[PDB]
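Data block below; observations after.
Read the figures in this text as sums done on the coordinates, not as results from a lab. Virtual Cβ from ideal backbone geometry, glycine too; neighbours counted across all protein chains shown.
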Amino acid sequence: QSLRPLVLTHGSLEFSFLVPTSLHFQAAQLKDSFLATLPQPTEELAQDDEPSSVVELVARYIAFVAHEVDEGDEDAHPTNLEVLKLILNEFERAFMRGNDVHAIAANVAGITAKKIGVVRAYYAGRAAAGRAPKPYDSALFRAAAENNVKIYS
Amino acid sequence: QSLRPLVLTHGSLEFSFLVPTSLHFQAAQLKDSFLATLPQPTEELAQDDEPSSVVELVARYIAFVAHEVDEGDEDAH
Amino acid sequence: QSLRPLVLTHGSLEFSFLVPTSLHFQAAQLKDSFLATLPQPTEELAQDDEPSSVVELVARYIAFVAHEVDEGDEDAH
Amino acid sequence: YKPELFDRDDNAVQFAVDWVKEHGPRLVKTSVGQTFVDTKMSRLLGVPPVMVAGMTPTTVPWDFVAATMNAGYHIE
């Protein structure tokens, strides 16, 4: 319906987004000064403290926005929130697939630091849109409470 | 009435368009990824397999759109 | 209410604006071809016949628009 | 690490092996009712997990090797 294509480009990796028409320029602003946050793009996957994959494009973006939601600019209060909720949706949608951020972050660039980077970026937009964690237990604690595993602390 | 100016720019040639307000961003999208379809603009009229005039700006654009109408994307029918 | 953030950027100086939603793209157009009116930005305050501060960003912009109001384009009165 | 306490999906939990379990000796019988000790070795080879190792002087002659093989055992 009210839809406006948005791209996230860096080196070899880009992402496709579908914004409400109203919210398309609020998300253009972030996308813009956010690609300035990024350094000189490598067409490889090695620049340290910079995106390796497309799961990091969204992760690094989600946090970029949540910083300006919670902090500073009061001119764009409702617009930040909408921009957030959409990215958090597109994320839990494609990238997370209804699984935890950790097990999904655990599958990115071999660089240990970056995998943590994805996780803090999510719980940054998770809290900045007020979304509480939903009460799931893990496959571990299921089979734990079902006496397949015998967990100790 | 419901009107929104749209430009088509390449090198020395550009075109002026008047869109309904509703349809102005659907035509902005095509205009955008279409000027990426175009190579590095010459300020002359010679780059082979690329626009010489403004009749070609519209021509090359009309086909760029009709490809995504008939084929692929069903989100924006 | 009906509000859309607009920025005016040149070198070290930028300005923040709050447009009605309807009027946000009309002011985007001016902002755009107006930053083309400006030369290659100095990160200092000395380029002659070009903005030193943010009071000049608005001043130079106000006149840029008033030229297209009074003169020429009747499509966007 | 951390992600294994929160992993949602199936077969997300792994169990550290037991050597007694994983690699424990066993017994099995055939359709023609032989009985083998069930080890990785015997199963691999297809014969009892007791084996006469290669030994130059004594394990060279083609007799003793063929004989020890006719006895259904692994020799080198």
TODO: Determine which single condition C:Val65 fails, assuming it passes every other condition in (1) surrounded by fewer than 13 Cβ atoms within 10 Å (Cβ to Cβ); (2) among the aliphatic types (A, V, I, L, M); (3) away from chain B (no Cβ under 14 Å).
DONE: (1)
TODO: Show the residue pairs that are 6+ apart or on different chains and have beta-carbon atoms under 9 Å apart, the first residue being within region A:63-81 and in contact (Cβ under 8 Å) with a residue 60 or more places away in the chain, the second being among the charged types (D, E, K, R) and part of a loop (DSSP other than H, G, I, E, B).
DONE: A:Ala66/A:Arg126
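For residues in region C:2-17 being of a type in the set (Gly, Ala, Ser) and within 13 Å of chain A (Cβ to nearest Cβ), which is farthest from the chain's Cα centre (by Cα)? Spell out the reasoning first.
Our first condition is that a residue be of a type in the set (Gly, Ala, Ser); within region C:2-17, this holds for C:2, C:11-12, C:16.
Filter once more, keeping what is within 13 Å of chain A (Cβ to nearest Cβ): C:2, C:16.
Values: C:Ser2: 20, C:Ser16: 11 Å.
By that ranking, first place goes to C:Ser2.
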Task: For A:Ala66: the one exception among (1) out of contact with any helix residue (DSSP H, G or I) (no Cβ under 7 Å at 6 or more places or on another chain); (2) closer than 30 Å to A:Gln26 by Cβ; (3) away from chain D (no Cβ under 12 Å) - done: (1)
Open item on the list: Looking only at region B:19-77, how many residues end up being part of a loop (DSSP other than H, G, I, E, B), in contact (Cβ under 8 Å) with a residue 24 or more places away in the chain and under 25 Å from C:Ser22 (Cα atoms)?
Closed with: 1
Task: Residue that is farthest from A:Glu82 (Cα to Cα), among those in region A:21-55 that are surrounded by 15 or more Cβ atoms within 10 Å (Cβ to Cβ), in contact with a strand residue (DSSP E or B) (Cβ under 8 Å, 6 or more places away or on another chain) and not hydrophobic (A, V, I, L, M, F, W, C) - done: A:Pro41
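Here are some residues: A:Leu13, A:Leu45, A:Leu35, A:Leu30. Which one is of a type outside the set (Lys, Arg) and within 12 Å of another protein chain (Cβ to nearest Cβ)?
Values: A:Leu13 fails: within 12 Å of another protein chain (Cβ to nearest Cβ); A:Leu45 fails: within 12 Å of another protein chain (Cβ to nearest Cβ); A:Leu35 fails: within 12 Å of another protein chain (Cβ to nearest Cβ).
Testing whether each residue is of a type outside the set (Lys, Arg) and within 12 Å of another protein chain (Cβ to nearest Cβ) leaves just A:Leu30.
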Open item on the list: Here are the criteria: (1) in a helix (DSSP H, G or I); (2) in contact (Cβ under 8 Å) with a residue 24 or more places away in the chain. Tell me which single one A:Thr42 does not satisfy.
Closed with: (1)
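May I ask you to say which residue of C:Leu38, C:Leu30, C:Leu8, C:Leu57 is more than 29 Å from A:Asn80 (Cα to Cα), surrounded by 14 or more Cβ atoms within 10 Å (Cβ to Cβ) and of a type in the set (A, V, I, L, M)?
On the way: C:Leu30 fails: more than 29 Å from A:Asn80 (Cα to Cα); C:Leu8 fails: more than 29 Å from A:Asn80 (Cα to Cα); C:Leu57 fails: more than 29 Å from A:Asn80 (Cα to Cα).
Going through C:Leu38, C:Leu30, C:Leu8, C:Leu57 in turn, the sole match is C:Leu38.
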Open item on the list: closer than 19 Å to A:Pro51 by Cβ, of a type in the set (S, T, N, Q) and within 14 Å of chain D (Cβ to nearest Cβ): which single residue out of A:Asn107, A:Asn148, A:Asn99 fits that description?
Closed with: A:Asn107
Open item on the list: Within region A:103-117, take every residue that is part of a helix (DSSP H, G or I) and among the β-branched types (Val, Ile, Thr) and give me the one that is farthest from A:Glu56 (Cα to Cα).
Closed with: A:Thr112
- [ ] Return the residue satisfying two criteria in turn: it lies in region A:98-153 and is polar (S, T, N, Q) and under 16 Å from the mean Cα position of the chain (by Cα), and of such residues it is surrounded by the most Cβ atoms within 10 Å (Cβ to Cβ).
- [x] A:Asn99
